[PDB]
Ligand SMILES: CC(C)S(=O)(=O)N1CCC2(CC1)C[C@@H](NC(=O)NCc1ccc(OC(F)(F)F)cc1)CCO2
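Presented as structure tokens, the chain that follows is alone, the form deposited without the named molecule.
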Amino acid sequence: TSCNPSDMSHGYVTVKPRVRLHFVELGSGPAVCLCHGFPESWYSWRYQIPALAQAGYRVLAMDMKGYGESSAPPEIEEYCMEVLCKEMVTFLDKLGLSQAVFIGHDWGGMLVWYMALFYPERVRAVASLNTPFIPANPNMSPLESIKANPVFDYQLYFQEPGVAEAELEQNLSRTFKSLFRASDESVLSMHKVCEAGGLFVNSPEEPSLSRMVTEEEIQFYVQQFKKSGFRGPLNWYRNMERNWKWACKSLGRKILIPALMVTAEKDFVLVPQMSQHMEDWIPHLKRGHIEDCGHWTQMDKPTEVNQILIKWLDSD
């Protein structure tokens, strides 16, 4: 049970002159806002949208800024957490929603944590898939926290505007088939991306279709990314200094709203152990864990994702 795009309600909200945000909407009850990661789409929530609606929730599945039918301004600073969060609050204002539950994955995970810290009054409850909440280290540069973790090398590859874009936009069909794979089907090492050409140099030219996706599902993502490309999406990675600067102003404060951290056993970039000290900042934090599950959590173990989210939603 997934979604057909033309059978959904499509919403559009202008949060500022140059910027409209597009979303899909299904169900009635408390408002649940779903925020995808990189490089995805509202469509990445196709298994959760109908399930949460049927569980008695009003689901808003976003195209995040830079993606799909949402605006994709070229300026890098338009995608820093501060600016993205304010727009999400403007979004709630224009829909007349005093609060929403926020659920995010990957970069969307990151964003909802930030909403929880800087806009707790507008966030009823907060849930993240894969993305942990790591307090800002005011002494360690952000750039530094990477050259200290080997699997984050691709993030440096993403910094130079035009470089990752041109490789990722080269064959869009190849890009998504290469990325959207189970952990055991993976054909990418995140180790040595900068020195050894790009992200796909040593991976196949005509990669096979993963067990998780159909050819029709891949083509939806292709069509979405034809309209703005990867620049906007990648600009999410190009604000680490600003995001760190901004995060440090919150250094003392605590998330007191209900919170859920869901970890994927086989996400080799957003590892479960990265989240291990989160109760030290959120004592009441609930958890879920999903075995045999990679980075693309919603796609990989949709049934477990739905069970975990619904159980948490119905209780806190």
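All residue numbers refer to positions in the sequence shown, first residue = 1.
The discussion below concerns the form solved in complex with the named molecule, not included here.
- Shown here without its ligand, the chain is overlaid with the named molecule as it sits in the deposited bound form; no ligand atom lies within 2.4 Å of a backbone or C-beta atom, and the site is open.
- The candidate spot formed by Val59, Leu84 and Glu87 is out of contact with the named molecule in the deposited bound form: none of the three has a heavy atom within 4.5 Å.
- Although the partner is absent here, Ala125 is not a contact residue: none of its heavy atoms lies within 4.5 angstroms of the named molecule in the deposited bound form.
- When contacts are judged by a 4.5 Å heavy atom cut-off, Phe38 counts as touching the named molecule in the deposited bound form.
- By the criterion of a heavy atom within 4.5 Å, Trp107 is counted among the residues contacting the named molecule in the deposited bound form.
- Proximity of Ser203 to the named molecule in the deposited bound form: non-hydrogen atoms within 4.5 Å are absent; the residue sits far from the partner.
- Stretch 269-277 is the contacting one of 282-290, 269-277, 27-35, 46-54, since its residues have non-hydrogen atoms within 4.5 Å of the named molecule in the deposited bound form.
- Only one of the listed residues (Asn171, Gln99, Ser228, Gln155) places a non-hydrogen atom within 4.5 angstroms of the named molecule in the deposited bound form, and that residue is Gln155.
- Comment: the named molecule is not present in this chain, but in the deposited bound form one of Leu92, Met115, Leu179, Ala72 has a heavy atom within 4.5 Å of it, namely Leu179.
- With contact defined as any non-hydrogen atom lying within 4.5 angstroms of the named molecule in the deposited bound form, the contacting residues in 232-252 are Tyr237, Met240, given in sequence order.
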